[PDB]
Amino acid sequence: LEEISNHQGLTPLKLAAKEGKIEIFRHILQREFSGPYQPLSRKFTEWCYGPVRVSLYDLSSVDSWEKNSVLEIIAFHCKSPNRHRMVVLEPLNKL
Amino acid sequence: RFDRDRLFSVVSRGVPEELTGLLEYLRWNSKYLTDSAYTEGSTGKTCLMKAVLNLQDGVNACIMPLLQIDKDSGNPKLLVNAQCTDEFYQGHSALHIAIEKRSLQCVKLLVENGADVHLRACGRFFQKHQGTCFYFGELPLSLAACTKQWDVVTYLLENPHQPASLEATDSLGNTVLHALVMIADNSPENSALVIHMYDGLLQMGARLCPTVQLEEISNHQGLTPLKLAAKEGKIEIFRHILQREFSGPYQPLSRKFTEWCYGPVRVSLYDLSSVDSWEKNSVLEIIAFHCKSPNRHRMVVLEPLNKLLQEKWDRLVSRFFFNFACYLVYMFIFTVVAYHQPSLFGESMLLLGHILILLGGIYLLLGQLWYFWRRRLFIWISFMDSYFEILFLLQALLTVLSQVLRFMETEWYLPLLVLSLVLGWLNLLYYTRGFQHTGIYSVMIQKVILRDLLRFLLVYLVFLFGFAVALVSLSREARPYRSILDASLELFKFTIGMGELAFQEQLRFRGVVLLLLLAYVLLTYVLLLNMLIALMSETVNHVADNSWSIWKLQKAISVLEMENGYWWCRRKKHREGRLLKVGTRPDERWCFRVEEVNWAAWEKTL
Ligand SMILES: CCCCCCCCCC(=O)OC[C@H](COP(=O)([O-])OCCN)OC(=O)CCCCCCCCC
Ligand SMILES: CCCN(CCC)S(=O)(=O)c1ccc(C(=O)O)cc1
Ligand SMILES: CCCN(CCC)S(=O)(=O)c1ccc(C(=O)O)cc1
């Protein structure tokens with residue numbers, strides 16, 4: 001359902017970046033579930049030990065290897081004041 | 001088959017019965033569960049670590065039979081004592097997993113089967129550095145303390161199988177009390193819980209190690225837990241250790257003893273053992289010269305340190321102002337000899353003045369080379385705030401160089417003599433710290449402006465040079481600005497209010513030269529307006545003024561230098577406080593008496 005594209009070619013995650021909606025953008029981008037819904041995650045905790053968490057984040061719409069990706073959108077297609085708050089989220093900050 | 005991939009998937013399910021036949025396969029092959037064939041890739045991680053990572057409701061039913069199976073296999077390198085081996089996880093063990101997973105039931109099961117309580121998780125993940133790491137010390141007991149597990153700490157300390165030694169140390173020599181000081185953060189939630197964890201381990205040391213002074217144990221840097229709290233700048237745990245008071249069985253674990261209390265007035269003896277500057281590498285020397293942190297000025301204003309540094313300052317304020325008066329007399333002679341220079345009785349008095357300046361310049365050069373020799377190990381820490389210690393060395397070098405160039409008779413002696421005369425009077429501002437009013441203002445004035453003007457200067461110099469090469473190139477054609485230096489100076493004069501902005505009649509491009517000046521003026525005044533507003537936005541924040549305490553630290557650094565005397569006359573240090581009996585160890589200590597009057601705190605107890 002999140003690979004369905006509107007007439008601008010945007011998925012829900014790409015639309016949250018273009019419209020600058022940091023809270024729903026952050027939520028979709030970092031989403032983690034347990035049990036039946038694990039494949040609906042974008043974040044998978046690999047291990048946790050004391051204050052340290054190691055997580056795999058899914059880059060499907062995100063990495064700039066893809067044309068019209070989330071990084072290209074925040075940089076060049078987003079109009080909002082919020083763009084500078086979106087590039088400092090994980091995984092985008094380390095990426 | 002009972003290969004690794006069967007065993008690791010079996011112990012992950014928590015069903016013990018699927019191990020049936022593992023004994024026969026291990027014996028028939030003559031192999032052991034701690035051989036490389038039974039370990040996870042790119043590490044040393046065993047089937048027991050795989051089991052302890054997968055606890056169900058606090059326990060895994062496979063651990064007890066897996067440990068028998070190892071015990072029945074006749075292994076020379078027991079499965080509980082096997083460790084990870086790669087450069088990140090080296091020395092990590094199933095017991096460190098059991099403690100981080102918070103299972104007292106699994107800690108008991110491992111230690112009952114002979115898991116070594118003194119294994120050091122010492123690979124780079126467990127060291128302290130700027131990357132991904134988790135320092136807890138390196139030992140099971142230090143992990144249990146830093147994860148806040150009293151029941152596990154109690155079990156590790158006083159189980160009958162293998163009690164954790166409170167004297168045990170990691171690869172840095174840190175004991176559990178150094179580990180808790182390393183892990184303290186100055187937030188109220190962390191520091192209050194570290195203070196409780198520290199106190200109960202110290203109170204347990206009085207049961208378990210009754211002859212051992214756990215806070216006199218030194219790590220490989222020579223630091224006790226109190227000295228480490230000063231070097232790492234941990235004010236909350238530092239203040240707590242320094243001012244600690246107990247009643248009943250634990251009174252000898254105090255550093256503060258209330259002598260009497262009457263109304264709003266408390267009189268207390270404070271223990272100066274690691275604290276007084278009579279000892280080499282003491283807490284006062286550490287805060288002044290070995291501590292890197294922003295917190296140093298907050299540490300010198302705690303009791304007993306505040307009254308102890310005031311007592312030292314009062315004994316030395318006449319030496320401080322004698323040192324100032326010698327430097328005034330040296331700067332008077334310097335000025336009376338830099339003025340009255342000849343063209344390039346009065347002549348022999350001028351020669352005497354040059355010899356007194358040479359001797360004062362050599363004296364100050366030797367005194368500052370002795371300072372940087374003594375401060376060698378922490379040399380940047382010993383000048384980061386204390387920038388005058390460089391400016392006195394520079395003034396002394398330039399004084400010796402200018403007299404050397406004058407003996408060589410080269411006329412470049414005069415611009416060095418004049419530079420060392422300017423530095424000489426600028427260095428006179430060091431002594432403004434001797435009085436509260438001038439000494440706090442010298443701290444109010446100097447600030448974050450020095451950091452941001454060095455950033456603005458890059459923007460201002462790209463403007464200034466970019467417009468200077470342009471006005472020089474365009475002012476070359478006839479119908480100011482003769483050279484890059486002259487155009488840089490005419491463009492610089494606009495910032496001092498001396499702009500000389502005009503429609504130059506003789507230049508061919510005079511309208512474009514005027515538009516280049518109007519472009520430079522508008523861009524530069526927009527830049528100065530951005531720069532002033534940027535500085536106001538960071539520096540006018542309402543933070544309560546921390547200048548009295550930064551001045552108290554300047555007086556502390558001054559005292560701890562003056563107590564050594566001079567490079568030629570190294571003073572014998574007097575010892576602060578009195579040797580007093582505070583209790584039974586008798587318990588006789590160099591105590592220092594502080595008297596506190598505090599109506600505002602006392603009235604809340606009525
Ligand atoms: C070697 C054997 C001979 C010793 C002669 C007496 C030495 C007195 C030293 C002294 O007063 O030094 C003051 C000053 C350095 O100040 P500082 O170390 O506190 O602070 C330094 C910054 N951290 O340094 C000076 O003012 C220069 C001293 C020479 C001029 C003396 C003039 C005397 C007039 C009465
Ligand atoms: C690569 C070693 C990882 N380790 C921690 C680093 C010392 S570990 O202890 O093996 C571990 C911890 C927690 C989890 C988990 O939460 O699933 C799994 C494994
Ligand atoms: C040196 C005289 C001290 N006095 C108070 C000053 C008037 S005192 O009243 O003798 C006193 C008070 C309180 C305690 C106590 O709390 O242990 C002990 C002695």
Side-chain angles (χ1 to χ4, degrees), chain A residues 44-55, chain B residues 12 40-46 48-55 83-84 86 88-101 121-126 132-134 136 143 257-268 316 318-334 356-368 370-372 375 382-383 386-396 399 424 427-431 433-434 554 557-559 561-569 593 595:
Chain A
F44 307 87
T45 302
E46 182 182 321
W47 61 257
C48 178
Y49 189 86
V52 191
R53 300 190 71 99
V54 179
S55 304
Chain B
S12 300
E40 214 164 68
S42 305
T43 186
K45 182 176 169 194
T46 67
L48 182 70
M49 300 180 206
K50 201 73 174 182
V52 180
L53 287 162
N54 288 287
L55 307 186
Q83 300 142 65
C84 299
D86 60 274
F88 282 97
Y89 308 107
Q90 190 168 11
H92 184 48
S93 82
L95 180 60
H96 302 87
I97 303 174
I99 298 162
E100 187 277 337
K101 293 285 170 268
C122 54
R124 196 94 248 259
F125 177 63
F126 307 112
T132 299
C133 71
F134 173 48
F136 56 79
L143 181 56
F257 307 87
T258 302
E259 182 182 321
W260 61 257
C261 178
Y262 189 86
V265 191
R266 300 190 71 99
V267 179
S268 304
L316 293 167
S318 60
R319 203 179 198 85
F320 187 83
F321 290 117
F322 176 72
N323 290 1
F324 171 58
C326 290
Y327 192 80
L328 274 175
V329 170
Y330 166 75
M331 287 311 309
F332 176 86
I333 294 162
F334 212 117
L356 295 175
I357 289 161
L358 178 69
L359 294 180
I362 290 169
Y363 180 92
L364 290 169
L365 177 58
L366 293 179
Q368 295 305 118
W370 187 59
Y371 178 81
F372 293 117
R375 301 299 164 213
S382 305
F383 66 66
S386 303
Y387 66 88
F388 287 103
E389 303 309 324
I390 300 167
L391 302 181
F392 273 82
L393 177 67
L394 182 62
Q395 199 272 353
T399 301
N427 286 354
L428 201 69
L429 297 166
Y430 169 80
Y431 302 98
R433 72 192 62 207
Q554 287 177 351
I557 292 159
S558 177
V559 159
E561 279 298 310
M562 285 192 290
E563 279 189 318
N564 313 283
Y566 307 115
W567 66 267
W568 62 275
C569 179
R593 184 178 286 86
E595 311 176 330

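Numbers restart at 1 for each chain; the letters A, B, ... are given by sequence-line order, proteins then strands. Values reported hereafter were calculated over all heavy atoms of this structure, with side chains retained and with hydrogens, waters and symmetry mates removed. All ligand and atom numbering here is 1-based and tracks the order in the structure.
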Would you say that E561(B) contacts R375(B) through its side chain, given a criterion of any heavy-atom pair below 4.5 Å between the two side chains? yes
Counting only non-hydrogen atoms of the protein, does one fall under 4.0 Å from atom 2 (C) of ligand 3? no
So is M49(B) close enough to ligand 2, meaning a heavy atom under 4.0 angstrom away? no
Only heavy atoms count here, so choose which of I357(B), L364(B), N427(B), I333(B) is nearest to atom 15 (C) of ligand 1. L364(B)
Which bit of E389(B) gets closer than 4.0 Å to ligand 1, counting heavy atoms only: side chain, backbone, both or neither? side chain
Do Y430(B) and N427(B) have side chains that get closer than 4.5 Å, going by heavy atoms? no
Interatomic distance, CG@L429(B) vs CG@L391(B), rounded to 0.5 Å, equals 10.5 Å
Checking side chain to side chain donor-acceptor pair (under 3.5 Å) for the pair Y371(B)/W567(B): CA distance, chi angles, key distance, verdict? CA-CA 9 Å; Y371(B) 178 81; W567(B) 66 267; over 6 Å; no
Nearest protein heavy atom with distance in Å, relative to atom 29 (C) of ligand 1: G360(B) CA, 4.2 Å
Using a 4.0 Å heavy-atom threshold (strictly under), name the region of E100(B) that reaches ligand 2: side chain, backbone, both or neither. neither
Whether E595(B) and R266(B) form a salt bridge (side-chain N of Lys/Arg under 4.0 Å from carboxylate O of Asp/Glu) is what I want to check. no
For atom 12 (C) of ligand 3, what is the closest protein heavy atom, and at what distance to 0.1 Å? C261(B) O, 3.5 Å
Proximity winner for atom 6 (C) of ligand 2, if only heavy atoms of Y89(B), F134(B), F126(B) are counted: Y89(B)
Checking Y327(B) against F324(B) for the ring-ring contact (aromatic ring centres under 6.0 Å, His included) test, could you report, in this order, the C-alpha distance in whole Å, the side-chain angles of both residues, the deciding distance, and whether it holds? CA-CA 5 Å; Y327(B) 192 80; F324(B) 171 58; 8.3 Å; no
What residue and atom, counting heavy atoms only, is the protein's closest point to atom 10 (C) of ligand 1, and at what distance? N323(B) OD1, 3.9 Å
Which atoms of ligand 1 are found less than 4.0 Å from any heavy atom of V329(B)? 34 (C)
Protein non-hydrogen atoms only, distance under 4.0 Å: does atom 16 (O) of ligand 3 have such a neighbour? yes
Is the shortest heavy-atom distance from the side chain of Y49(A) to the side chain of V54(A) under 4.5 Å? no
Begin from the C-alpha positions of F125(B) and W47(A) and carry the test ring-ring contact (aromatic ring centres under 6.0 Å, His included) through to its verdict. CA-CA 14 Å; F125(B) 177 63; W47(A) 61 257; 5.7 Å; yes
Atom 8 (S) of ligand 3: any protein heavy atom closer than 4.0 Å: no
With nothing but distance in play, are any N or O atoms of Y430(B) less than 3.5 Å from an N or O of ligand 1? no
For atom 11 (C) of ligand 3, grab the closest protein heavy atom and report residue, atom and distance to one decimal in Å. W260(B) CB, 4.2 Å
Check ligand 2 against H92(B) and write out every atom of the ligand that is under 4.0 Å from a heavy-atom position of the residue. 7 (C), 9 (O)
For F125(B), the ligand 2 atoms whose distance to one of its heavy atoms is below 4.0 Å: 6 (C), 7 (C)
Can you pull out the closest protein heavy atom to atom 6 (C) of ligand 1? Residue, atom name and distance to 0.1 Å, please. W568(B) CZ2, 4.2 Å
Crowding at CZ, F88(B) (>12 non-hydrogen neighbours, <6.0 Å): no
For atom 3 (C) of ligand 1, decide whether some protein heavy-atom distance is shorter than 4.0 Å. no
Taking non-hydrogen atoms only, is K101(B) closer than 4.0 angstrom to ligand 2 via side chain, backbone, both or neither? side chain
Using a heavy-atom cut-off of under 4.0 Å, does the side chain or the backbone of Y262(B) touch ligand 3, or both, or neither? side chain
In this structure, does ligand 2 have an atom that sits under 4.0 Å from one of the heavy atoms of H96(B)? no
Could you check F134(B), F126(B), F136(B) and say which one makes a ring-ring contact (aromatic ring centres under 6.0 Å, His included) with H92(B)? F126(B)
Does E563(B) pair with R319(B) as a salt bridge, N-O distance under 4.0 Å? no
Do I390(B) and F372(B) pass the side chain to side chain contact (heavy atoms under 4.5 Å, CB included) test, and can you show the C-alpha distance, the side-chain angles, and the key distance before you say yes or no? CA-CA 9 Å; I390(B) 300 167; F372(B) 293 117; 4.1 Å; yes
Start with the C-alpha gap between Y89(B) and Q83(B), add the side-chain angles, then the distance that decides, and say whether side chain to side chain contact (heavy atoms under 4.5 Å, CB included) holds. CA-CA 9 Å; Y89(B) 308 107; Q83(B) 300 142 65; over 6 Å; no
Between the side chains of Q368(B) and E389(B), does any donor sit under 3.5 Å from an acceptor? yes
Any atoms of ligand 1 less than 4.0 Å from a non-hydrogen atom of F322(B)? List them with their elements. 11 (O)
Can you confirm whether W370(B) sits close enough to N564(B) that some side-chain heavy atom of one is under 4.5 Å from a side-chain heavy atom of the other? yes
Quick one: which of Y431(B), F388(B), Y327(B), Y363(B) has a heavy atom closest to atom 12 (O) of ligand 1? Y363(B)
Closest non-hydrogen protein atom to atom 11 (O) of ligand 1, residue and atom name please, with distance? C326(B) SG, 3.2 Å
Can you pull out the closest protein heavy atom to atom 19 (C) of ligand 2? Residue, atom name and distance to 0.1 Å, please. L53(B) CD2, 3.1 Å
